[PDB]
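Peer 1:
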Amino acid sequence: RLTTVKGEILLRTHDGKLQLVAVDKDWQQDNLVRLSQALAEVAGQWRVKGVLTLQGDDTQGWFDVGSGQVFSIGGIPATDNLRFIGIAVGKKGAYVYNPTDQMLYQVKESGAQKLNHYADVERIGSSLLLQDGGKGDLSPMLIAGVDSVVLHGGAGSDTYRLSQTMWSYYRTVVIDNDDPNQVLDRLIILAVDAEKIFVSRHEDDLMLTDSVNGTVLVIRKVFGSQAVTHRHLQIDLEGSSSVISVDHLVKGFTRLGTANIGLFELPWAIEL
Amino acid sequence: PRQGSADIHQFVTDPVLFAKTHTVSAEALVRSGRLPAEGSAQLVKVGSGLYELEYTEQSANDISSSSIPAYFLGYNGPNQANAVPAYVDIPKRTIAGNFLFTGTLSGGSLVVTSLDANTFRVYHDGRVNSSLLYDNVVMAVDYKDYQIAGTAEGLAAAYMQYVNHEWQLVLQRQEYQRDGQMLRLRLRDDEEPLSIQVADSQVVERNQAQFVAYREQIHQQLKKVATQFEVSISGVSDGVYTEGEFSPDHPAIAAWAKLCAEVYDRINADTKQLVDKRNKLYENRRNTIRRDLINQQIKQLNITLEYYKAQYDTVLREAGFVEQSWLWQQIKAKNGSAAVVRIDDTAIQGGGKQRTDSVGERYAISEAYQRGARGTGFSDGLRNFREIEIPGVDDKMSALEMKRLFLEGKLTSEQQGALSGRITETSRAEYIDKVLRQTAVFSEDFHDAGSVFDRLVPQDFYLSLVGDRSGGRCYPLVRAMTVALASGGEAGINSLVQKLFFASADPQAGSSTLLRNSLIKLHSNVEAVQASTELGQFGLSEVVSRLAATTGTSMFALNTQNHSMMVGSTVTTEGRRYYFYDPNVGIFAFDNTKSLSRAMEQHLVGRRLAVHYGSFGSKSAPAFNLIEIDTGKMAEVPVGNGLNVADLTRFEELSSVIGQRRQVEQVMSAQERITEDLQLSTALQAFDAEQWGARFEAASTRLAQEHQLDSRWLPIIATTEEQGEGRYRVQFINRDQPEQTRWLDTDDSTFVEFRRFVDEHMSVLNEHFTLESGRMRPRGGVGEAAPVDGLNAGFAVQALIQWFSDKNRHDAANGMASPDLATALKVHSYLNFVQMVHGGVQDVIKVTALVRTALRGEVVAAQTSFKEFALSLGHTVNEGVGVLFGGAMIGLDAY
């Protein structure tokens, strides 16, 4: 890790690919009156894309190299290994996760706020990994570099809640659960109308596939090894809005010769 | 004739903008037999931005004709065995006209070549990939240029325009699309609907490389699919083309053909079990009040079947096409182009030295495709045919003997035009005098002979508005009907006759166009000759006795010298029903062969129709051919746009089937977005690893709190054992220097299920990489395919190590005395990768001495120690983030 006298902080990997990483308290004070231009300039001198961090002693912040705006956290303590997961969409600001508080911060355009206490939040590439709060009411977030989200839930009476807008935005929503039972009446609320959804399976995954959109909902272990648990969740959809059991859906799949391989609409199975 | 829209002048004024903003279709250029070399072309409007071309005789000097001088090109046939392509010759630097048009492309090619200093020869070749076969190709559109990716479906209009002093090959990609329980054409919206070629030189090479790559790729696809159904691919490769003409099932391709036929059987036998159930369903649907109860089950069975069709028929069809194309390319490469393009058909040859096709059929073929050119002298023959005289012809020759002499081909083009006109006039005068005037009495003869069911068919439905309308539809219709009857009984026959009725009442609706364009391509489709066996001649009594002799369903065409009745038997239930079908009258059925023969004799000889149909031998006791159609194969012949004849031959409307083919490709494309997104494939492997981390930490904490232990004690995952059935014990070590180890009765499975989970990945890393002097070498280099999952396991192991560290540093930040399991996991991973730990029984004293000397930090083996390994597994994975994701990995690497 190398700091230049100007205050820019570099990593050299074992192959000599120098990468810019941060700028110190001196660089930010020197540039400050044109800091956004100075940042775009230095992100031009170094072939860098993504996010730059305004390091500091009592205040720290993030420059999105792809955009004009800059997000400052304010006085919240360093050494928390504070994570930046990305710029928000559909509402202003960005989302920041503190792995040490286990709390999610919205860094506004003009401030910051605790949004929720999600016990984990992570991004890998185009995918969020998102995990239950202390409150159990889990609903995804709108983020600009991403198209996929994994959901997981372990809390009292915990519930998954999918907005129509989110279902219209995320190409894939992945849902997963661990063997120790969280609740029996574990509900997925879909704001999308049931009639356009098409059920099928992978070799182990169940899949509920939309057909006016490419948007798939996957249920990661309905078939195969974990199936014998028979512990599976229940689904709520807009429409007749009866509550369906994922047992009832796998029974519907087993009813026909579709037990070889299958595909069918929900309005059949729900009204079966 | 349709009136036509003056928008022709806009199209002339800016043809590029017009073709970009409106759909220009070509249908009337398919259902017009043997267009002139030179004629008038016009548009007709049909709907919103939708226009159809037509050939017309009206002069352009009445501009109210909305017409212009243009050069036409005839449509060529769909049979891949065709040696005689359609061609026409046009000037470089034309003056006479500035456009050239052709029938809609569907599975063929348009190839433009430079014949001399002053003229292009443009070929309409019915074979796929034809641009490879010709030479001096300067422009071309092959099937691939307008194919919808991932499907057999394709459709495009192609034409030529003289613009800025050069010819331009203009391709307008189209599709059929559903629009509220109807079909329409539209421009394709998923790609640029227009593309343009000027004359070029390298086009041959540019295609050939692509074809070689695509054939290799499709052979990979078929190898994959065959492996999915366990078929042995051993020894399957191209036989060197040694000798002989083109043939299906030629030894060179025989392995591929067999593999296709078999893999097809593995799914056809499968689906038949649902096909039977679906038929049972329709048989209960017809006979019950509460239709909407079961109808959705019909829908779900349809969805299920069409999934399989969409998933595998495309693959088999494309494999067949690439094999036929490689065969034809070998034939060219060995024998030269003159073996693979012929100037005219008169050097009579085919798949066999003769095929004994009826004069009627060979004439209809000769009058529903254009093969070779049609010089203007033929159009003059046709326009003057009442003035012209022809040697050896008189007004009292039969239509058959004219058709024969015309198929002698000896007469001049002007004479052949005149004889053709005289043939059509005599033919329709005879069909009128013999059949339209007497469709009444036949119904009553069949009635009072004792028939038990009948359905008249529309007298009016014609596959072409020109030529002999009467006799050209018979040969495809009988081939469709016999599939209908064999596959769906009286409900099939009802659905098909309904379809014919609608398609004749609305002769210009989208479905009636698609039906006309899908009964055509049954005149000479070689798959139907694969589905045939021409038995001998028989007298009618013998035919009846043969039907009486048959067991199980069986069908026969009669294919009389100028016509094709159909006859056959079904025996499945309701006794034995015998069927008869004359495309000029209707389809009839009978309970007993005596009644059947009593009817069919009265019909064919009692009213002399056997003599009008030109049957063989004496007037009394006429003799017919018969052809034992194999409905198992005939049903599956392609009629273009990916439809099997069965598909036009079903209970539902065509816009239903096409709708379904849309919806299930939406579903399959969504699923394909899930199956091969490697980002989610690895991110879920990370989430799984972290979840196993949290499970193992929770288990260790619980165990370390039922007993008494502290942060100095590390669980040695490598040593968990079952202390008999159902119960576990675990060893802990004080991580400090002393020997102090303690065994805890554990009774928890996670201390072995985690070891199982982690050893699966560690066997991958130990297989894909080698640890050398404290750094890891990808085996076979980065350039192998191994890193693409070696690094994918490595990212998961590294994210587990960095999970435990980020949990320890979370507890230390909010508490104390984390067990620091990351050292235990590092020492396990190190000893497993270095194969000091391995599967099977190890001496506990040995593996403990290993773990102890690793914990003491000094080098155990490979001149390295576990922290250097744990660094190298971070370095390699951080390089590999380029391969796995392309770099720029926000939220991870740029600390």
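Those protein sequence lines, which keep their order, are chains Z and B.
The opening residue of the first sequence carries number 2660 in the entry's author numbering; numbering runs sequentially from there.
The opening residue of the second sequence carries number 924 in the entry's author numbering; numbering runs sequentially from there.
Virtual Cβ for every residue (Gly too), placed ideally from N, Cα, C.
Out of B:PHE1610, B:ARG1658 and B:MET1489, which one is the CA nearest neighbour of B:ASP1633?
Peer 2: B:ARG1658
Peer 1: So, B:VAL1711 versus B:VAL1774, is the Cβ gap smaller than 9 Å?
Peer 2: no
Peer 1: Using the beta-carbon of each residue, which ones in chain B are nearer than 7 Å to Z:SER2870?
Peer 2: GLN1586, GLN1589 and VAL1590
Peer 1: At 8 Å on the CB atoms, spell out the chain Z contacts of B:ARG1596, in chain order.
Peer 2: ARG2830, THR2831, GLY2873 and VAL2875
Peer 1: Looking at the structure shown, is B:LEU1023 part of a helix, part of a strand, or coil, going by DSSP?
Peer 2: Residue state for B:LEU1023 is assigned as strand, using DSSP reduced to three classes.
Peer 1: Whole angstroms is fine: what's the gap from Z:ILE2668's alpha carbon to B:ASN1755's?
Peer 2: 38 Å
Peer 1: Under a CB-based cut-off of 9 Å, is Z:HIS2861 close to chain B?
Peer 2: yes
Peer 1: Cβ of B:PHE1479 within 9 Å of Cβ of B:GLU1559?
Peer 2: no
Peer 1: Under 9 Å between C-beta atoms, does Z:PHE2722 make it to chain B?
Peer 2: no
Peer 1: Just list the residues that DSSP pairs B:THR1483 with in beta bridges.
Peer 2: The partner list for B:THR1483 (beta bridge, DSSP) reads B:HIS1486.
Peer 1: When you compare the CB of B:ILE1581 with every CB in chain Z, is at least one pair closer than 9 Å?
Peer 2: Taking Cβ atoms only, chain Z never reaches closer than 9 Å to B:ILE1581, which makes this a no.
Peer 1: Kindly give me the distance between the Cβ atoms of B:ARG1584 and B:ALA1075, rounded to whole angstroms, as I take these residues to be in contact under 8 Å.
Peer 2: Wrong, their Cβ atoms sit about 11 Å apart, outside the cutoff.
Peer 1: Pick from B:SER1492, B:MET1320, B:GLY1462 and B:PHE1547: whose alpha carbon is nearest that of B:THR1473?
Peer 2: B:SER1492
Peer 1: Which value, in whole angstroms, describes the spacing of the CA atoms of B:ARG1499 and B:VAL1263?
Peer 2: Distance between the alpha carbons of B:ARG1499 and B:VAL1263: 50 Å.
Peer 1: Let's see if you can read the secondary structure: which residues bound the beta strand (DSSP E) around B:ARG1378?
Peer 2: 1376-1379
Peer 1: Assuming B:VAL1282 is part of the alpha helix (DSSP H), what are its boundary residues?
Peer 2: 1282-1288
Peer 1: At 7 Å on the CB atoms, spell out the chain Z contacts of B:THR1237, in chain order.
Peer 2: Simply none; closest approach about 17 Å.
Peer 1: Using DSSP's beta-bridge definition, name the partner residues of Z:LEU2787.
Peer 2: Z:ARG2782 and Z:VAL2808
Peer 1: Would you mind giving the Cβ-Cβ distance between B:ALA1296 and B:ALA951, rounded to the nearest angstrom? I have them listed as a contact below 8 Å.
Peer 2: Not quite, the Cβ-Cβ distance comes to about 20 Å (not below 8 Å), so this is no contact.
Peer 1: Under 9 Å, Cβ to Cβ, is there at least one residue of chain B near Z:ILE2744?
Peer 2: yes
Peer 1: Does B:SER1518 come out as helix, strand or coil in the three-state DSSP assignment?
Peer 2: helix
Peer 1: Can you name, in chain order, every residue of its own chain whose Cβ lies under 6 Å from the Cβ of B:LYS943, other than the five neighbours on each side?
Peer 2: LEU1117
Peer 1: Figure out for me which residue from Z:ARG2706, Z:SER2726 and Z:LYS2665 has the closest Cα to the Cα of Z:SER2695.
Peer 2: Z:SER2726
Peer 1: Going along the chain, which unbroken runs of the beta strand (DSSP E) with 3 or more residues stay wholly within the segment 1634-1671 of chain B?
Peer 2: 1636-1638, 1651-1657 and 1664-1668
Peer 1: Buried or exposed: which applies to B:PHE1677, given that a residue is buried once 16 or more other Cβ atoms fall within 10 Å of its Cβ?
Peer 2: buried
Peer 1: Distance cutoff 9 Å, beta carbons only. Does B:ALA1793 sit that close to anything in chain Z?
Peer 2: no
Peer 1: Measure from the C-beta of Z:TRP2686 to each C-beta in chain B and report whether the shortest distance is under 9 Å.
Peer 2: no
Peer 1: Mind checking if B:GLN1219 is an interface residue toward chain Z, Cβ cutoff 9 Å exclusive?
Peer 2: Yes - at least one Cβ of chain Z is within 9 Å of the one on B:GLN1219.
Peer 1: Go ahead and label Z:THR2663 buried or exposed: buried means 16 or more other beta carbons lie within 10 angstroms of its beta carbon, across all protein chains shown.
Peer 2: exposed
Peer 1: I'd like to check one pair, Z:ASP2717 with Z:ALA2737: are the Cβ atoms closer than 9 Å?
Peer 2: Yes. Within cutoff.
Peer 1: Thinking C-beta only, is B:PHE995 closer than 9 Å to B:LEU966?
Peer 2: no
Peer 1: Spatial neighbours of B:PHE1692 within its chain, please: C-beta separation below 7 Å, excluding the five flanking residues on both sides.
Peer 2: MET1699, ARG1700, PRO1701, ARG1702 and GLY1713
Peer 1: Tell me whether B:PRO1399 sits in a helix, a strand or coil according to DSSP, three-state version.
Peer 2: helix
Peer 1: Closer than 9 Å, CB to CB, is B:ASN1485 near chain D or not?
Peer 2: Of the protein chains in this structure, namely Z and B, none is chain D.
Peer 1: Can you find a C-beta in chain Z that's less than 9 Å from the C-beta of B:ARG1618?
Peer 2: True, the Cβ-Cβ gap to chain Z drops below 9 Å.
Peer 1: Whose C-alpha, out of B:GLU1229, B:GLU1114, B:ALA1080 and B:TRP1249, is nearest the C-alpha of B:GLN1131?
Peer 2: B:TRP1249
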